[PDB]
Amino acid sequence: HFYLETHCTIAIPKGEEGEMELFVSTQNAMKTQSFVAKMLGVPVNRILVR
Amino acid sequence: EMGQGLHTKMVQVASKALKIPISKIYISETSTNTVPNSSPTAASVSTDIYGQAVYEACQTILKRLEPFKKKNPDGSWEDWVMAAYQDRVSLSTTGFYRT
Amino acid sequence: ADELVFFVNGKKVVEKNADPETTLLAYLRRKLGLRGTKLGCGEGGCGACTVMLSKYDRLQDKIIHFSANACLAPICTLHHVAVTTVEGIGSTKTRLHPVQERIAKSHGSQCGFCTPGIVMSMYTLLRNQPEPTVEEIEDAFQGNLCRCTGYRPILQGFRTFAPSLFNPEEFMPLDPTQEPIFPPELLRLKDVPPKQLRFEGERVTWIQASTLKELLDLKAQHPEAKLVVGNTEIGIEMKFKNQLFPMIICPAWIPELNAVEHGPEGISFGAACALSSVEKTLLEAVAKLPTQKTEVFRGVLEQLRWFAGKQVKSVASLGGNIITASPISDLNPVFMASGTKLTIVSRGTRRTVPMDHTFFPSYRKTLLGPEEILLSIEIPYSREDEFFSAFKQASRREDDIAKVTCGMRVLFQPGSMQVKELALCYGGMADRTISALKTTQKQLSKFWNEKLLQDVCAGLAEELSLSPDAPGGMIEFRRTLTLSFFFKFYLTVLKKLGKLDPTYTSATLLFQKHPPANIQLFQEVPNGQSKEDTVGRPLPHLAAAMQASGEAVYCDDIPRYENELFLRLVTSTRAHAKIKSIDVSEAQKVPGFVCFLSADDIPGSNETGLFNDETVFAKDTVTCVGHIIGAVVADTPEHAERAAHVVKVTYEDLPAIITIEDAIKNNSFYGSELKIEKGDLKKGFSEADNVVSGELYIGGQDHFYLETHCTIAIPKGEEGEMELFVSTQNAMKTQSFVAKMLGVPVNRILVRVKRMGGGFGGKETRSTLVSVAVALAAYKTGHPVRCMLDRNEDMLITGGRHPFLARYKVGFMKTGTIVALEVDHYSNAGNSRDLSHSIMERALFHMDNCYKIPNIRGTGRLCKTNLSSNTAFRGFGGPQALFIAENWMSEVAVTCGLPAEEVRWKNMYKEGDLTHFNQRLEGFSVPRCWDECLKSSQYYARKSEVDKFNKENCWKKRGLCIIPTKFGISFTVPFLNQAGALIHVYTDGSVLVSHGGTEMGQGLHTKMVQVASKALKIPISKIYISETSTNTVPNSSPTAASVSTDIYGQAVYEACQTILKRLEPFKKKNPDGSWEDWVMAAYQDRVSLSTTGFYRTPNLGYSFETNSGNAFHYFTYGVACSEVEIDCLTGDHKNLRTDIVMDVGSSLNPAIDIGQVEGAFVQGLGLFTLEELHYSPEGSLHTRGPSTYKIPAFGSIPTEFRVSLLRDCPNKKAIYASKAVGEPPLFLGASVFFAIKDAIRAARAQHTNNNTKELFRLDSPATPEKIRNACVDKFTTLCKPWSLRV
Amino acid sequence: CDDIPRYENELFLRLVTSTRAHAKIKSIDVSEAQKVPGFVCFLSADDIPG
Ligand SMILES: Cc1cc2nc3c(=O)[nH]c(=O)nc-3n(C[C@H](O)[C@H](O)[C@H](O)COP(=O)(O)OP(=O)(O)OC[C@H]3O[C@@H](n4cnc5c(N)ncnc54)[C@H](O)[C@@H]3O)c2cc1C
Ligand SMILES: Nc1nc2c(c(=O)[nH]1)N[C@H]1C(S)=C(S)[C@@H](COP(=O)(O)O)O[C@H]1N2
Ligand SMILES: O=c1nc2[nH][nH]cc-2c(=O)[nH]1
Ligand code: FES
Ligand code: FES
Ligand code: MOW
Ligand SMILES: [Ca+2]
């Protein structure tokens, strides 16, 4: 692909109810959200992807 | 937005639908807590589908503003919006499209 | 510099560059990332920063655990000490400790900001005593404050350590064997010889002296060196008194300074011993030695009962209190009167002298030389024929500064009543501890009799005089206390010499705590209701566990960006003046200084405020002390603070208008008169049998939310975009005010509110003062910026409840029936309009309370003054008007000579009546609440018991009063009664709910989660609410008017319906499927799982012009009965019992609603009896901290506290038949005020006069000063024109 | 994404990837990595909570 900007993610752990806010260079915020939730083992509503 | 100008086009669409300058419209970002279960931005259909969703949401706004426009035809967009707010009419809505 | 080594939660910490000025709180929060411990006042009076400290005591060869305020603990005093914070005992990520579990499940946590501190006070107690008594449990919190709960649930939940809202049987038992162990490494270090340590900071050098020899050499070389042990004085001087001590010597480690010796003359304590140690030793001594030898010890112990709290007493040293020599020291008067011996030393010298009047030559000075230090103190045993007494009276019993405090001793000739020695020493009557020598000397060789009592009182009145301008004011009260204390001493000695009149006995008793009794009654949910349907059940606040664990994130707990700067506001020191110039040349020298911002830096508009009558930054003129002139931005909070303090502003004073009286005299108002008039007054007064006229005043109130105002502003650098995290109930106005100041479209600004550690109306608008200033700083620097106000800044700048002045005239019949009423209200609004108008409207809306008044006229006027702009405070004007109403109603009863409850009842509205603003009262439940409260409180039976007590007691009286209330539900501003919600169902079936309301501790999100769960028919575990944000729900009204549940509940409900309709087709095609199955099917069929919900309260719109239209959607009602006991000699009082019956319709959550009732009730109790703000004549606020502003404490609540929610009273006007509960209960606190007034009448009938129909004025708050002064007697009287017309 | 300011306590992650096309992982030794200044931790499969 050689997108000038390579893959990148910032993950912010809240410390409350498994909440995590992420800033990601992706075309798929949905799958990013569910995949991160699946790995953490928390409901999808706890994950915010921006 | 990955450089293809999707937000520009959506602002262009919203401006045409609402019939107001683009300068009054803004798109800041994409987030899972504003629009959920979104398909990845792909298949070159983003303009097609999000354009329709934005279009519908705009239509819902116009309908809610219609009574106020009719009562004050020579007023400004700002006048109608404020009147709507004070009359406790919601100025927030979703839009959706399915090919 | 030596390395500082200590432990935090078992983890070793090595600080190679310890700064002497760094507090443990700052270190925990900024260096260790442990944000569970909070900053609530920075002056040791709130306990929000409480932590536990553990160390190996060399002299006791044992590990000791004690609590301490992290805000006053210099980390430099913690070498080889083990710290335990809330995070160290448990968490929701691992497992909650029993203390955390119980306070959470017992509903002892609302906003949650005070929880960690209280959790640690309780934890510390249990580490010292695994099975404490109820007494010990209550005493554990003398230094912890809570503004939300009303304390009852916290005490009741913890009492377990010694339908229903909670079930104790579910609580995990406490098991000491599983507690974290004392760090092994520290236990090894105990075997290493102590060595002197040196720490070097930016401005201070700290020397930890290991031996007495090193201490004396250090003092010989540096006589100026300031000693520090507990730092509970030095810390205050450094933080608030602008003091800087270049060199500090901490002698805490020195054995001689910590030694305890039992001698033949008394018990000696090293000057470094903590007051808690002295207290422990004296208690043991009092239990083992003959009563006749412990007279002085018991005096010391009585003062220690009311000396700060556990956190301060565990670190505060003896020497510290003695040498600080404060005018209001509670110990020096006792040490002086008892001639306690002081052993003073310096390198090469040593002397021992008994403390006497000469030891304190002048203000803050003692007779010690510059090279000397106090080594030890010997508290004497009392001898035969020797008696002692110690008394203290303040504004609040617990953790307060003495108004007058004393030590009194008398020595008689062997077996006689003939005085040999007499010492009466007082604190709080001069700029130093003094002895009434002139007076006492005249009694030597005299006998203890009535004549001596009279002579001493007259002597005291003349010798302890106070000039009208005496600092602290309360001239009459203080002088009266000096005589009253002696009277108490006099009677007490007669008793000890023994015959004493039975009605005088109680005057000699020391405060006695009575056992608590609490009962909460509510209604069980329908028999067949599903377990997953939580509406109507006492579900604990969803974040309570995280608040008890310190994991709950509040604004400042959010991590700072590496490049984030800090802002400190620069405010006016003048009430009204022109700004001639501003010089920052000095501020520019403070390290880390970045810039000074002012009006000229604003890119958009400097016009702000609800009514556009305010400035973001003062321009040309300042109109109140605290008026924001500009702000300093620096790399650290300290640097910003220090720089802002040296910014020099040159002023030129302008005529100022401070008081309501000044305003009226100068015709200084905002807008024109407000008024509601119905009927024919002239006719009404013409038919009345009696007419009463009067004036009444009610003081203001500071919100004192445990978490002060705070804002973080992140500038994006793109298109003017800015993202802010704010502690506010109004994200919408925050957003538009920031946008207006920046000159950018509102759609560029994002405001996010997670939760507030309290709001109470104080964050409805005034939070913008900070938010806008921070946004400007972020805009100008391009860096993220933040600012959290210190308590003193918050209390000075942000405004509070509106003080009210009322002039009334009521006409009534001999039967007590009201026929006419005219009331003119005046509120002190401050330097801007803000919410003052709407507040006055609500006041006028409630001038009737629950009474039908055929002919009535009420006016309101907003006074424009040079004081910070006052704003919304739980009640929004209602409490003031309701208070004024009950005042004249009480005067009508007395005038008529009829039982107050009879007069109130016969004047009460009836189902279907119209109010003075012509709204029909439908479903008027006051009658039911009234009868049930009269019955459950056993009002009548107790009424006779009160009269009996008053006949058997001359210097103590009891009062009983039952009052009702009604509160109109809905914003006075029609268009604000709107609410929106946004709901998303993700593909795993989990639901994310978002609405316009914010969480400030009232449990709104919890209730909304409960509502969504019921509507969707799924467990609450599948629903979540993360925060409130302007980009999910726009144009939201502030979370206020107690209608958030009502309106957001409907919006959430409507959004859920839409979801159900969309899922219906898939549910039908697969009836046996799960929620998850239907959700996934909808998604794959391309059916949107996102929708909005909206609600608009119907038919609202009252007009003060036509006195027509619906102002409210419905009314919330309640009744409260309270009993008190007053000390006619001191002004102190006890809230014996309170019974409340509240109608909240079918409660959505009885646990949260009872918590709102109890909490609102305690804030009202505070407004009417304890809380008072004092201002200089020039308009400068004196009370800027918990030390001087006394809100209710754990020990302030009714000992017997009963609350019942009216059963079977569904409200068809709101979501699931519930009713708003936030503000309605607050006025009920007035029942305590009127019970007090009832008691004062008893006291006046006893000593003042015989006019059983006399109407004496009693303004609010009924503080100890007002109560004591009202109890006119021979003493108040003791504390002459040429001619007089005949 | 990376232009977003880092929090003062923000840490950095570096992936550890396979240098073989197909093989069994016999063991992982981080004793050397632990010596690098600023090292915080090595994460692997077992650390995943979900
Ligand atoms: C919330 C709060 C509530 C309080 N409540 C009360 C109250 O109810 N009644 C009351 O009287 N006080 C009260 N205090 C005041 C304070 O706690 C006492 O004065 C305390 O005992 C001082 O002890 P310290 O060790 O903390 O003093 P520090 O602040 O450590 O030292 C105080 C002063 O004593 C000097 N000093 C200390 N030890 C020696 C020595 N051995 N020889 C010579 N000089 C010495 C120091 O140089 C310094 O000037 C309160 C303070 C707070 C913050
Ligand atoms: N714990 C706590 N309770 C509180 C407050 C608060 O700040 N903290 N605010 C009060 C005020 S002034 C109001 S108007 C209502 C607002 O919330 P509600 O509409 O959800 O009841 O809660 C009341 N109860
Ligand atoms: O009528 C109102 N009642 C209120 N309580 N708290 C804030 C309020 C408001 O703005 N308006
Ligand atoms: S912050 Fe320490 S006592 Fe309030
Ligand atoms: S819960 Fe204690 S101050 Fe809010
Ligand atoms: O915000 Mo209620 S007074
Ligand atoms: Ca005002």
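Lettering of chains follows the sequences in order, A, B, ..., and the numbering in each one begins at 1.
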Does C:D2 form a salt bridge (charged side-chain N to carboxylate O under 4.0 Å, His left out) with C:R198? I'd like the steps, not just the answer. CA-CA 6 Å; C:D2 295 284; C:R198 181 193 175 83; over 6 Å; no
Any ion pair linking C:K31 and C:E15 (charged N to carboxylate O, less than 4.0 Å)? yes
Greater than 12 external heavy atoms within 6.0 Å of C:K288's NZ: yes
Answer yes or no: is there a side-chain heavy-atom contact under 4.5 Å between C:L244 and C:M238? yes
Between C:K239 and C:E43 (salt bridge meaning N to carboxylate O under 4.0 Å), is one present in this structure? no
I want to check something: taking the side chain as every heavy atom from C-beta on, are C:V51 and C:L28 in contact at a cut-off of under 4.5 Å? yes
Taking the basic N atoms (NZ, or NE/NH1/NH2) and the acidic carboxylate oxygens, is any pair closer than 4.0 Å for C:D790 and C:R568? yes
Between C:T85 and C:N9, does any side-chain donor sit less than 3.5 Å from a side-chain acceptor? yes
Ring centroids only, cut at 6.0 angstrom: are C:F359 and C:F335 within range, meaning strictly under it? no
Below 4.0 angstrom, N of the basic side chain to O of the carboxylate: do C:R347 and C:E371 qualify? no
The criterion is salt bridge (charged side-chain N to carboxylate O under 4.0 Å, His left out); which residues satisfy it with C:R383, sequence neighbours excluded? C:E386, C:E421
For C:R351, does the CZ atom have more than 12 heavy-atom neighbours from other residues, nucleotides or ligands under 6.0 Å away? yes
Show the numbers, then the answer: is there a side-chain contact (heavy atoms from CB on, under 4.5 Å) between C:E3 and C:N17? CA-CA 7 Å; C:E3 308 190 313; C:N17 299 297; over 6 Å; no
Any side-chain donor paired with an acceptor under 3.5 Å for C:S346 and C:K219? no
When you look at NZ of C:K190, are more than 12 heavy atoms from neighbouring residues, nucleotides or ligands closer to it than 6.0 Å? yes
Atom NE2 of residue position C:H262 - does it have more than 12 heavy atoms of other residues, nucleotides or ligands inside 6.0 Å? yes
Euclidean distance, C:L304 CG relative to C:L331 CG, rounded to 0.5 Å: 5.5 Å
Should C:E793 and C:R1184 be marked as a salt bridge (charged side-chain N to carboxylate O under 4.0 Å, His left out) after you check the CA-CA gap, both sets of side-chain angles, and the distance that decides it? CA-CA 8 Å; C:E793 289 176 300; C:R1184 308 186 182 184; over 6 Å; no
What class does the angle between the rings of C:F1194 and C:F141 fall in, given that below 30° is parallel, 30 to 60° is tilted and above 60° is perpendicular? parallel
Residues C:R30, C:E638: salt bridge by 4.0 Å N-O rule: yes
Run the salt-bridge test on C:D57 and C:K62 with the 4.0 Å N-O cut-off and return the result as yes or no. no
Please report the C-alpha distance between C:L275 and C:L318 in whole Å, then the side-chain angles of each, then the deciding distance to 0.1 Å, and finally whether the side-chain contact (heavy atoms from CB on, under 4.5 Å) criterion is met. CA-CA 6 Å; C:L275 298 183; C:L318 264 178; 4.0 Å; yes
What residue among C:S67, C:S121, C:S276 forms side-chain hydrogen bond (donor to acceptor under 3.5 Å, both in side chains) with C:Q311? C:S121
Basic-acidic side-chain contact under 4.0 Å: C:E202, C:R642: yes
Could you walk me through whether C:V296 and C:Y381 pass the side-chain contact (heavy atoms from CB on, under 4.5 Å) test, one step at a time? CA-CA 7 Å; C:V296 177; C:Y381 286 128; over 6 Å; no
